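# Build the 3D model from these lines:
(chains A, B and C)
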Amino acid sequence: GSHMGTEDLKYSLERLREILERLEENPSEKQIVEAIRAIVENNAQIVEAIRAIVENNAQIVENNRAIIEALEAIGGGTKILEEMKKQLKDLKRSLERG
Amino acid sequence: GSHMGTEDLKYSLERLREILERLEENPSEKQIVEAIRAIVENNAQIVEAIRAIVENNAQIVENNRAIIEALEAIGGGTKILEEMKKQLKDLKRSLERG
Amino acid sequence: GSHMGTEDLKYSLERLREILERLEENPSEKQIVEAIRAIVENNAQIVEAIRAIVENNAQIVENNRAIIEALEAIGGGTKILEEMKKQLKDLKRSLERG
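Residues are numbered from 1 along each chain as shown, chains lettered A, B, ... in the order given. Shown next is the structure:
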């Protein structure tokens, strides 16, 4: 699995903090570059973490549509059909984004 | 549409990577500032990407409530009413956050 | 509440922008470190904002499962049971991630 945890992001930034503190205490070209490096890598980690979450969210959206279809089946003939079908289409719209 | 894709974030960071590599190979005031600039802009892109996603998530939460109301209708008289109504309120709580 | 708003992230980055602009206009060791500092802090804010959102999303996933159980109850005997139960398990999988 390529899924990244929220805690994983935190731990990476804790290291970044250390580097920052070292930079502030003893400003230098080395510490500046190392600080930037860590930030650049961490930025990727954040996006990658978001990616996995978004992909999961997409599955949830699809799952939500499955509920509607099942609901409309057993609720067949009930007014709710008029509005629940509209929601399904809206979920599809969301499904195609991420 | 102002929606930003996950891939869009990646591509921006790929450019950032290039700048980092140039910085590391040839440290300089120019490369430092340019690296920082790219990071600052990319940070905005991440938040803006999150914004759109969160706004979509808010709509999903509202949509989830719509399912409950439709469900409670056809399930009227069924015990589930006691608990499903509690969920709806919880979804509302989430709806008002983002 | 420890929940952070999307707007909160924006406002922080607006300050970061100002620092960047000052850096670009007058490059200096001071502005470089201050720019990095702000970025490091803002990176934490982004992750913390994500954390709260993800935790909320987890609750939504659980809530979605509650809908299924209520649906399956009133729809008992209906074919939908075969597929809706599969979704519930998939939601559980998502619930255990974040």
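# Kindly report the residues of chain A close to chain B.
Taking Cβ under 8 Å from any Cβ of the partner chain as the criterion, chain A approaches chain B at residues A:29, A:32-33, A:36-37, A:39-40, A:43-44, A:46-47, A:50-51, A:54, A:57, A:60-61, A:64, A:67-68, A:71, A:74-75, A:78, A:80, A:83-84, A:87, A:90-91, A:94, A:97-98. C-beta here means a position set from N, CA and C on the backbone, and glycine is covered the same way.
# List only buried entries from those.
Buried by 16 or more other Cβ atoms under 10 Å in any protein chain shown: A:32-33, A:36-37, A:39-40, A:43-44, A:46-47, A:50-51, A:54, A:57, A:60-61, A:64, A:67-68, A:71, A:74-75, A:80, A:84, A:87, A:90-91, A:94, A:97-98, out of the residues of chain A next to chain B.
# what's the burial count for residue A:28?
Residues lying near residue A:28 (other Cβ atoms under 10 Å in any protein chain shown) number 12.
# For residue B:35, see how far away it is.
Between residue A:28 and residue B:35 the computed distance is 16 Å (Cβ to Cβ, to the nearest Å).
# Please apply the same query to residue A:7.
Shown here: residue A:7 relative to residue B:35, a distance of 27 Å by Cβ to Cβ.
# quick one: which of those two has more around it?
More neighbours surround residue B:35 than the other of residue A:7 and residue B:35, with 26 against 11 (other Cβ under 10 Å).
# For that one, pull up the helix or strand it's in.
helix B:29-74 (DSSP states H and E).
# anything in that helix near chain A?
Yes - using Cβ under 8 Å from any Cβ, helix B:29-74 reaches chain A at B:32, B:35-36, B:39, B:42-43, B:46, B:49-50, B:53, B:56-57, B:59-60, B:63-64, B:66-67, B:70-71, B:73-74.
# what subset of those is also close to chain C?
Of the entries in the residues of helix B:29-74 next to chain A, those that also sit close to chain C under the rule Cβ under 8 Å from any Cβ are B:32, B:36, B:39, B:43, B:46, B:50, B:57, B:60, B:64, B:67, B:71, B:74.
# and the second one, what is it in contact with?
So the one you mean is residue B:36. Residue B:36 makes contact with A:36, C:20, C:23, C:32, C:35, C:36, C:39 under the criterion Cβ atoms under 8 Å, 6 or more residues apart in numbering or on different chains.
# The fourth one and residue C:23 touch, don't they?
Which is residue C:32. Yes - here residue C:32 lies in contact with residue C:23, judged by Cβ atoms under 8 Å, at a distance of 6.6 Å.
# Quick check: neighbours shared by the two?
With contacts defined as Cβ under 8 Å, 6+ apart, the residues adjacent to both residue C:32 and residue C:23 are B:33, B:36.
# Write out the residues of chain A neighbouring chain C.
Taking Cβ under 8 Å from any Cβ as the criterion, the contact residues of chain A with chain C come out as A:3, A:5-6, A:9-10, A:13, A:16-17, A:20, A:23-24, A:27, A:32, A:35-36, A:39, A:42-43, A:46, A:49-50, A:53, A:56-57, A:59-60, A:63-64, A:66-67, A:70-71, A:73-74.
# which SS state does the residue at the greatest distance from the centre of chain A fall under?
Seen from the C-alpha centroid of chain A, the residue lying at the greatest distance (Cα atoms, centre = their mean) is residue A:77, 38.2 Å away. Assigned by DSSP: H, G, I helix; E, B strand; the rest coil, the conformation of residue A:77 is coil.
# What backbone torsions are found at it?
For residue A:77, the backbone dihedrals (degrees, to the nearest 10) come out as phi 100, psi -10.
# Perfect, that will be all.
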